[PDB]
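Input: a single structure, listed below in structure tokens.
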Amino acid sequence: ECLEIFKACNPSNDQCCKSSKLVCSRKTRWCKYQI
Amino acid sequence: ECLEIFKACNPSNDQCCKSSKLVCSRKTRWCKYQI
Amino acid sequence: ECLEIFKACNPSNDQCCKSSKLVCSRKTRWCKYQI
Amino acid sequence: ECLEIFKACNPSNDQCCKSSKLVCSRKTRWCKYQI
Amino acid sequence: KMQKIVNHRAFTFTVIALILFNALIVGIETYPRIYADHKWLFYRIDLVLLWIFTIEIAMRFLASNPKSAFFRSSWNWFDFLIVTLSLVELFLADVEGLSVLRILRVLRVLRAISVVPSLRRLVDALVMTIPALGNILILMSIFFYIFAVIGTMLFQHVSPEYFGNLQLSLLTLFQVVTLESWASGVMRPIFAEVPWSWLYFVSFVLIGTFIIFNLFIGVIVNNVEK
Amino acid sequence: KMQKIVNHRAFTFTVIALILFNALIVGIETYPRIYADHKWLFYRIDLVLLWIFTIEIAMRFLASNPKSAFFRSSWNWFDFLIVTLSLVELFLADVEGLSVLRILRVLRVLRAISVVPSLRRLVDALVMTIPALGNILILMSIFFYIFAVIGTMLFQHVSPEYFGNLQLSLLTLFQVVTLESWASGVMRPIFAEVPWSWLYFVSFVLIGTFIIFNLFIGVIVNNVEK
Amino acid sequence: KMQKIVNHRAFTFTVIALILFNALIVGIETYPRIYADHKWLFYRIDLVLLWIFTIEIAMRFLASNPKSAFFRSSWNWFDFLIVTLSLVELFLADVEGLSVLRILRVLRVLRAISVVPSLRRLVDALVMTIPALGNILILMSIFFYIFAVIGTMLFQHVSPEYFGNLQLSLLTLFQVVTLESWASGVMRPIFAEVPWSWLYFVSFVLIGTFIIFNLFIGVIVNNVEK
Amino acid sequence: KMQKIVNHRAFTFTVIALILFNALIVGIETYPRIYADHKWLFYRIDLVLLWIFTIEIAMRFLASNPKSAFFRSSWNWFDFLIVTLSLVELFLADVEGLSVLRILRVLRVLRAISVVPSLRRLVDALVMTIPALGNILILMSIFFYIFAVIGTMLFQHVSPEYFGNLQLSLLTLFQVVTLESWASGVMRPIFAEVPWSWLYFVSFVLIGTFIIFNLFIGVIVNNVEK
Ligand SMILES: CCCCCCCC/C=C/CCCCCCCC(=O)O[C@@H](COC(=O)CCCCCCCCCCCCCCC)COP(=O)([O-])OCC[N+](C)(C)C
Ligand SMILES: CCCCCCCC/C=C/CCCCCCCC(=O)O[C@@H](COC(=O)CCCCCCCCCCCCCCC)COP(=O)([O-])OCC[N+](C)(C)C
Ligand SMILES: CCCCCCCC/C=C/CCCCCCCC(=O)O[C@@H](COC(=O)CCCCCCCCCCCCCCC)COP(=O)([O-])OCC[N+](C)(C)C
Ligand SMILES: CCCCCCCC/C=C/CCCCCCCC(=O)O[C@@H](COC(=O)CCCCCCCCCCCCCCC)COP(=O)([O-])OCC[N+](C)(C)C
Ligand SMILES: CCCCCCCC/C=C/CCCCCCCC(=O)O[C@@H](COC(=O)CCCCCCCCCCCCCCC)COP(=O)([O-])OCC[N+](C)(C)C
Ligand SMILES: CCCCCCCC/C=C/CCCCCCCC(=O)O[C@@H](COC(=O)CCCCCCCCCCCCCCC)COP(=O)([O-])OCC[N+](C)(C)C
Ligand SMILES: CCCCCCCC/C=C/CCCCCCCC(=O)O[C@@H](COC(=O)CCCCCCCCCCCCCCC)COP(=O)([O-])OCC[N+](C)(C)C
Ligand SMILES: CCCCCCCC/C=C/CCCCCCCC(=O)O[C@@H](COC(=O)CCCCCCCCCCCCCCC)COP(=O)([O-])OCC[N+](C)(C)C
Ligand SMILES: CCCCCCCC/C=C\CCCCCCCC(=O)O[C@@H](COC(=O)CCCCCCCCCCCCCCC)COP(=O)([O-])OCC[N+](C)(C)C
Ligand SMILES: CCCCCCCC/C=C\CCCCCCCC(=O)O[C@@H](COC(=O)CCCCCCCCCCCCCCC)COP(=O)([O-])OCC[N+](C)(C)C
Ligand SMILES: CCCCCCCC/C=C\CCCCCCCC(=O)O[C@@H](COC(=O)CCCCCCCCCCCCCCC)COP(=O)([O-])OCC[N+](C)(C)C
Ligand SMILES: CCCCCCCC/C=C\CCCCCCCC(=O)O[C@@H](COC(=O)CCCCCCCCCCCCCCC)COP(=O)([O-])OCC[N+](C)(C)C
């Protein structure tokens, strides 16, 4: 399952659900929104 | 006949009467005085 | 005779008496003192 | 014997006693301390 | 119900200490050597500081007449906006840095003016006395505009670096009212081509000064009197 | 008979809008790209503005005690002369531009000082307080003259660019009272040849300053008092 | 018992003469020619001066309420410390000169302010009126810090000579509040690369000035009033 | 017996006209073309002016209480000395010009301050208020001396053009209190070699300013009060 916002994502494997237009990052070591 | 001041003159054909020392121009598209 | 001070001297011929240590000039066209 | 502080030392022959860690100089022509 | 006296000298000095510490850390982080190494440490420090400031503003909000406005004080607005924009880096889009978010962390230092009573008291008047000027600012603006338009339309082809545009020359006219080599870098090289230019600068440097000077005197008989 | 109240807040704000619009248009027309293209449009706009300002001044004249002077107010004189000289481009000889008529269109903006009551009120005093200075201006003029003559007759052969003429050096002495590199561009290179010149500049820079400064203080005890 | 009146106009003027003579001698000794030759003479003069000043301070101490403090007057402290550090060259380690002891001999001249009653009276107020400023100094310090941090983190790679470090740029920001070619040496060459930099400088030069200026006015309504 | 009223508005205006005419002529004679040609005419004009001024001062002397002092007024002393030194060119040794006698003819213009009542009245106070300063001048002199000695003994080998001598650097310290490129021409190139020099200049520029500024305020609470 794809986690939402404020979720410890992975630099290599992006789990950021694309349904809510998200893009995992490494700066904050978690998932945030995309524009 | 030669028109006086404030008269829509022509850039090519100057109708500015020379009796009153006039010189037609194009800037204001009419006839004005000369000095 | 040699004239004293304030005397119309001559640029060529100096009449400035040397007894009173004088030297005729041309700037003021007369004789003045010397130091 | 080795003199202590404030003693007219010699530029060539240093009499500054080394027990009190002293070094004779020439600037003040006497013996002072060393650090 | 948060109706106890929770904000006293000790809490205020905790706040001040945190502000000074954030200032020190933002200062340090401007060294490349000292940064590359402890990057992680600096980032996590910043995170903790951000949270401890957010909860600070939150306590400030709640503990004091929540249903009441609380928004009268411009200061509280300042703190609010700073914390908001700084958090948005966490819950919004793409606002990493780009030479604009770090300025926010730095500006975070101004709260040192909000805390210290004397500083706030001073800045209050130092601001309120702007509308006192009012007109004179409009006069200087009109003069700047006139002189900028004229300088453009005249010297736009002789000195394209100082009077190239309506604004490129609005900058020259600003450097010339502070008197920075307006005679050795700005004018002396123009006055060599258009020989009647000595008017333009001289005239400006007089009027400009004459205006500025008077502004000065003004704000005196508005203060030294009372 | 034009004896009704035809000049009120609405009409004044129409006038102000027209002035601001002419300002904006004169600003824009200082861009070559934006000009070459819409040349005709700009010219015709200017024509309409000129007419709508002439009829403005005409209404101002007629509607208010025509047989009476109406010429007391220096301002009305200013507007009158501006509109006259700007119309003369239409009924006179050869006054196209020649880097002198456009300055008139620009100067047309100053009427923004005539309209706004506060601005007129301010400029009134800011002018009236010139004759207050009076003397000090004469003193500075005498000093400038003395120092310019001396600098000429002394350095006219060492620095022909700064002290070449009675006026070419009246400009140097002006750049040196504003303190623009008077020690690094004006003096330092002269002081290298005539070694006793350090007097001339130093002396000036003192007296000049001492004079200017006092002028300053003067206009304070003429204003801050009352 | 030293309880007679041993300090009167004559003794004070002896002290003043000695101070002026030490000033003259320290001035002279700054000429290499005049120094190499009479080295011995200069050194021995300095020795005698040092002793005659030490015994001076010693008399000052003893003759006036020894058991009493005598240390209230900051001045006596100044003289004391000067003489101490200057003697230490004789009874301590290695303190020949090294571009730091000679500054002490020179500073020895300031006692000319301690002796002359009017000078001491003046310096007293000229100092006491510093704490009056107080805040404004803190405000200027905060502003300097903010602007220095920002300038560093922004231009640290475009102008490494002016904004290279947190302090290397704390110097640029000082040269720019005095308005030394901040537009021709500091900004003009940066504004060529980062085109939005014109904000940074302009903003500074405004606020800075606006702050400084007000400080000025402040210290007036603190003095000209009373 | 010269006891009639021989000095009235008409005579005063004759004097003023003569002064202005001598001013104009001395101005003109500073043009080489206009001089070579009419040399004789200019010289004879100068002669007549000199005589008509000598007899002027002579009438002033005689007609007014000769046996009385008449020497109280410093002004009469000024006119006297000017006319004396200018005549001495006729009855003394070798004083043609040598870049020093012509300065006298020029200075002859200052009498325009003696004649005009308002100008004399103004200069009177503008001078009398110097002793008011007094101390502050001594303080600035002491500071200049200290800083000049230190700068010499420190930078005399790094910057021999600015700090070469006790006086060669007394000039640099004067150019640096007026803030002429003291950071771009004086310091920036030194600070590159002796890296701890940033103290010296900074410190100066602060104290110097702090002193000067206060002097300013001083002369205000000495005037604006009364
Ligand atoms: C009470 C009454 C108050 C009186 C006040 C009087 C003020 C009256 C106000 C007059 C308004 C001035 C009109 C400016 C016209 C600009 C339009 C333009 O052509 O821009 C050009 C670009 O260049 C720019 O980017 C424009 C930058 C804004 C101009 C800033 C000057 C503001 C003057 C205010 C001075 C304030 C004082 C100064 C000190 C603070 C665009 O043209 P282009 O380059 O050829 O490119 C093609 C167009 N394109 C880019 C769209 C594709
Ligand atoms: C009441 C409210 C207070 C107002 C204060 C607000 C500000 C007050 C006024 C501000 C405006 C000041 C304008 C500065 C003049 C600049 C002239 C210049 O140098 O350009 C040209 C001057 O051209 C000449 O030949 C000399 C003529 C002088 C022009 C005078 C303009 C009219 C001023 C009347 C103003 C009315 C004042 C009314 C104000 C009251 C020089 O270049 P050029 O001509 O090309 O020369 C040849 C070049 N070539 C070699 C390539 C051929
Ligand atoms: C109460 C008492 C008040 C006291 C005030 C004292 C003032 C006393 C007033 C003294 C008057 C000064 C006389 C100047 C003589 C100039 C004549 C001349 O030779 O010109 C030359 C050209 O050069 C020019 O074009 C002349 C420019 C005008 C001079 C401007 C200086 C005004 C000094 C005012 C300073 C004001 C203060 C400064 C700051 C505002 C012409 O000579 P030429 O080059 O060889 O060429 C051949 C001649 N030709 C050209 C005709 C063919
Ligand atoms: C009461 C009303 C207030 C008055 C205030 C108004 C202003 C007050 C005064 C204003 C005038 C100030 C004049 C500045 C002096 C400049 C000197 C200079 O540098 O030129 C020369 C100095 O020549 C020397 O040899 C040094 C002698 C000093 C000259 C002093 C002039 C007399 C000043 C008395 C004034 C009386 C003051 C009375 C005023 C009251 C330098 O060049 P040079 O000589 O060629 O050197 C060799 C060159 N060579 C290498 C090519 C050979
Ligand atoms: C009421 C509240 C008041 C608000 C005031 C806010 C003030 C807040 C205070 C903030 C404090 C600022 C922290 C600076 C961190 C420096 C540490 C450092 O890295 O140094 C570096 C060297 O460089 C140096 O030598 C340091 C020089 C001292 C810095 C001077 C700036 C003072 C800022 C005050 C401005 C005052 C105003 C300006 C005008 C007077 C060391 O790092 P490195 O080079 O990589 O070498 C390896 C490390 N090593 C050297 C140890 C081996
Ligand atoms: C209440 C107490 C009084 C406060 C007074 C204390 C001081 C007051 C404030 C002091 C701080 C002032 C900061 C100066 C701004 C500098 C901007 C700059 O030039 O850098 C960059 C601007 O980047 C841009 O793109 C333009 C955006 C403007 C930035 C505005 C910052 C926010 C200001 C809000 C402040 C809030 C004010 C609240 C204060 C109240 C330029 O470089 P770059 O971006 O890299 O450009 C491209 C470079 N390249 C070519 C390599 C790509
Ligand atoms: C209440 C108390 C007041 C406190 C005030 C403290 C003042 C205390 C006063 C201190 C007096 C300073 C002593 C200077 C010694 C100079 C002697 C010398 O060696 O000259 C040298 C030449 O160089 C010169 O020509 C000398 C020029 C005069 C020096 C001017 C500085 C005045 C300092 C005042 C500053 C005033 C403030 C500045 C702003 C106005 C000569 O040496 P030489 O080159 O090797 O050549 C061989 C010698 N020979 C030339 C003879 C053959
Ligand atoms: C109460 C009346 C008011 C007084 C106001 C009057 C004025 C107030 C004071 C005025 C005097 C101010 C002196 C300025 C300092 C200059 C230092 C400098 O730059 O030179 C050297 C600093 O050498 C160093 O190593 C740094 C040490 C700092 C020296 C501090 C001096 C003591 C100040 C205490 C003063 C006590 C204050 C007491 C005043 C009260 C730099 O050169 P260098 O060392 O050679 O460096 C290496 C060069 N190399 C590369 C070739 C190797
Ligand atoms: C706005 C008020 C002005 C005042 C006027 C006063 C008298 C007016 C004086 C002269 C008037 C006319 C001068 C004759 C020359 C005109 C044309 C010309 O050729 O210029 C020439 C010189 O012209 C100058 O250098 C201007 C002199 C500047 C005076 C500044 C005094 C400041 C007053 C202080 C205010 C403080 C006290 C308060 C008093 C207000 C330059 O051109 P050129 O020589 O032919 O050179 C050939 C071209 N080339 C340069 C490329 C080589
Ligand atoms: C107007 C009042 C003056 C004050 C005098 C004070 C003491 C007078 C001091 C010295 C007096 C005489 C100096 C001896 C040298 C004279 C001849 C000479 O050769 O000059 C030499 C140095 O001369 C200077 O550099 C001048 C020093 C400037 C002092 C400015 C102090 C400002 C006071 C601050 C006012 C604010 C506080 C208020 C106080 C008022 C230069 O020539 P040179 O060395 O031979 O070099 C060879 C030629 N070469 C240069 C091409 C290489
Ligand atoms: C802080 C307050 C500001 C006021 C704003 C006022 C209006 C704001 C005006 C313009 C606003 C925006 C300008 C449009 C351009 C923006 C981006 C840009 O490209 O800049 C351009 C021009 O930009 C400038 O030159 C800045 C103009 C300086 C105005 C200073 C006025 C001082 C007010 C007086 C205060 C005293 C009175 C009191 C009033 C306060 C430069 O970049 P470029 O052209 O693309 O060049 C290409 C890159 N290159 C440079 C390497 C070649
Ligand atoms: C007098 C009062 C001072 C205040 C201190 C404040 C904090 C003190 C800050 C720093 C203190 C010590 C700095 C650490 C470095 C020291 C040694 C050093 O190497 O210097 C270095 C930097 O040093 C500077 O650049 C000086 C910074 C100037 C501060 C001016 C602030 C004005 C305050 C505003 C007053 C208005 C508000 C009112 C507040 C009063 C330079 O040397 P380097 O980097 O090694 O370079 C190698 C050699 N090289 C240069 C040839 C390449």
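Convention: chains lettered A, B, ... in structure tokens order; per-chain residue numbering from 1; ligands numbered from 1 as shown.
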
Worksheet entry | Contacts with ligand 12 at most 10 Å, only C-alpha atoms and all ligand atoms counted, listed as a ChimeraX atom specification | /G:134,136-145,161-162,164-175,177,208,212 /H:188-207

Fill in: For region 21-34 of chain D: contacts at 10 Å, only C-alpha atoms, fewer than 3 positions along chain excluded, given as a list in words
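The contact residues come out as residues 3, 4, 5, 6, 7, 8, 9, 10, 11, 12, 13, 14, 15, 16, 17 and 18 of chain D; 43, 44, 47, 89, 90, 91, 92, 93, 94 and 96 of chain G.
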
Once you have the residues from the selection above, write them out as a PDB file, in the first residue's frame, restricted to C-alpha atoms.
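Saved to again-v6.pdb:
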ATOM      1  CA  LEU D   3      73.578  37.776  40.172  1.00  0.00           C
ATOM      2  CA  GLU D   4      69.785  37.980  40.310  1.00  0.00           C
ATOM      3  CA  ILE D   5      67.410  40.460  38.674  1.00  0.00           C
ATOM      4  CA  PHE D   6      68.323  44.081  37.892  1.00  0.00           C
ATOM      5  CA  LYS D   7      72.053  43.394  37.543  1.00  0.00           C
ATOM      6  CA  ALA D   8      74.353  44.966  34.947  1.00  0.00           C
ATOM      7  CA  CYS D   9      74.972  41.879  32.809  1.00  0.00           C
ATOM      8  CA  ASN D  10      77.402  41.489  29.910  1.00  0.00           C
ATOM      9  CA  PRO D  11      76.399  40.992  26.245  1.00  0.00           C
ATOM     10  CA  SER D  12      79.250  38.533  25.654  1.00  0.00           C
ATOM     11  CA  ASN D  13      79.583  36.736  28.991  1.00  0.00           C
ATOM     12  CA  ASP D  14      76.169  35.883  30.440  1.00  0.00           C
ATOM     13  CA  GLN D  15      76.194  35.864  34.239  1.00  0.00           C
ATOM     14  CA  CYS D  16      72.416  35.505  34.465  1.00  0.00           C
ATOM     15  CA  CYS D  17      71.926  32.626  36.902  1.00  0.00           C
ATOM     16  CA  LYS D  18      70.095  29.800  35.124  1.00  0.00           C
TER      17      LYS D  18
ATOM     18  CA  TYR G  43      66.540  55.232  25.170  1.00  0.00           C
ATOM     19  CA  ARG G  44      67.987  56.898  28.252  1.00  0.00           C
ATOM     20  CA  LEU G  47      64.130  55.563  30.965  1.00  0.00           C
ATOM     21  CA  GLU G  89      59.279  45.676  30.349  1.00  0.00           C
ATOM     22  CA  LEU G  90      61.966  45.896  33.033  1.00  0.00           C
ATOM     23  CA  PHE G  91      61.026  43.202  35.557  1.00  0.00           C
ATOM     24  CA  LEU G  92      59.202  40.602  33.457  1.00  0.00           C
ATOM     25  CA  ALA G  93      59.882  38.235  30.571  1.00  0.00           C
ATOM     26  CA  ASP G  94      60.250  39.013  26.863  1.00  0.00           C
ATOM     27  CA  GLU G  96      60.791  44.200  23.967  1.00  0.00           C
TER      28      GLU G  96
END

Discussion item. Residues of chain H were defined as contacting chain E if any atom lay at most 12 Å from it, counting only C-alpha atoms; please report them as a list in words.
Written reply: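 Every residue of chain H that passes the 12 Å test is in residues 179, 180, 181, 221 and 224 of chain H.
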
Item to complete: Quote the spacing between CA of residue 159 (chain F) and atom 38 (C, counted along the ligand's line) of ligand 9 in Å to one decimal place.
Response: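 Separation of CA of residue 159 (chain F) and atom 38 (C, counted along the ligand's line) of ligand 9: 24.7 Å.
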
If we count only C-alpha atoms, what is near residue 51 (chain F) at a cut-off of 12 Å, once residues fewer than 3 positions away on the same chain are taken out, given as a JSON list (two decimals) with C-alpha atoms, in the first residue's frame?
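Output file part13.json follows:
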[["chain", "number", "residue", "atom", "x", "y", "z"],
["F", 18, "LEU", "CA", -4.97, 62.87, -16.51],
["F", 44, "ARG", "CA", -2.14, 61.17, -31.11],
["F", 45, "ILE", "CA", -2.45, 60.45, -27.39],
["F", 46, "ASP", "CA", -0.08, 63.34, -26.76],
["F", 47, "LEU", "CA", -2.19, 65.59, -28.99],
["F", 48, "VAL", "CA", -5.39, 64.77, -27.13],
["F", 54, "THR", "CA", -5.32, 73.56, -22.68],
["F", 55, "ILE", "CA", -9.09, 73.54, -22.27],
["F", 56, "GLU", "CA", -8.45, 72.70, -18.63],
["F", 57, "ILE", "CA", -6.41, 75.85, -18.07],
["F", 58, "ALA", "CA", -8.95, 77.79, -20.14],
["F", 83, "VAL", "CA", 0.74, 74.97, -21.97],
["F", 84, "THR", "CA", 1.84, 77.99, -24.00],
["F", 86, "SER", "CA", 3.82, 73.23, -25.61],
["F", 87, "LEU", "CA", 1.20, 74.63, -27.99],
["F", 90, "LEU", "CA", 1.82, 73.80, -33.33]]

Discussion item. According to DSSP computed on the backbone, where in chain D is there strand (DSSP E)? Give the residues as a list in words.
Written reply: residues 22, 23, 24, 31, 32 and 33 of chain D

Saved selection, atoms kept: N, CA and C atoms, as a short mmCIF file (atom, residue, chain, number, x, y, z; two decimals), in the first residue's frame:
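Below you can see selection_31.cif, which holds the result:
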data_model
loop_
_atom_site.label_atom_id
_atom_site.label_comp_id
_atom_site.auth_asym_id
_atom_site.auth_seq_id
_atom_site.Cartn_x
_atom_site.Cartn_y
_atom_site.Cartn_z
N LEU D 22 66.90 32.76 34.04
CA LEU D 22 67.18 34.12 33.60
C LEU D 22 67.99 34.16 32.31
N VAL D 23 67.88 35.27 31.59
CA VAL D 23 68.61 35.46 30.34
C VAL D 23 69.06 36.91 30.19
N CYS D 24 70.36 37.13 30.34
CA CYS D 24 70.91 38.48 30.23
C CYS D 24 70.67 39.07 28.84
N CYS D 31 70.23 42.09 33.60
CA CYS D 31 69.58 40.79 33.62
C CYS D 31 68.10 40.84 34.00
N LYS D 32 67.28 40.15 33.22
CA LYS D 32 65.85 40.08 33.46
C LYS D 32 65.40 38.62 33.37
N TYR D 33 64.13 38.37 33.66
CA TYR D 33 63.59 37.01 33.61
C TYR D 33 63.35 36.47 32.20
#
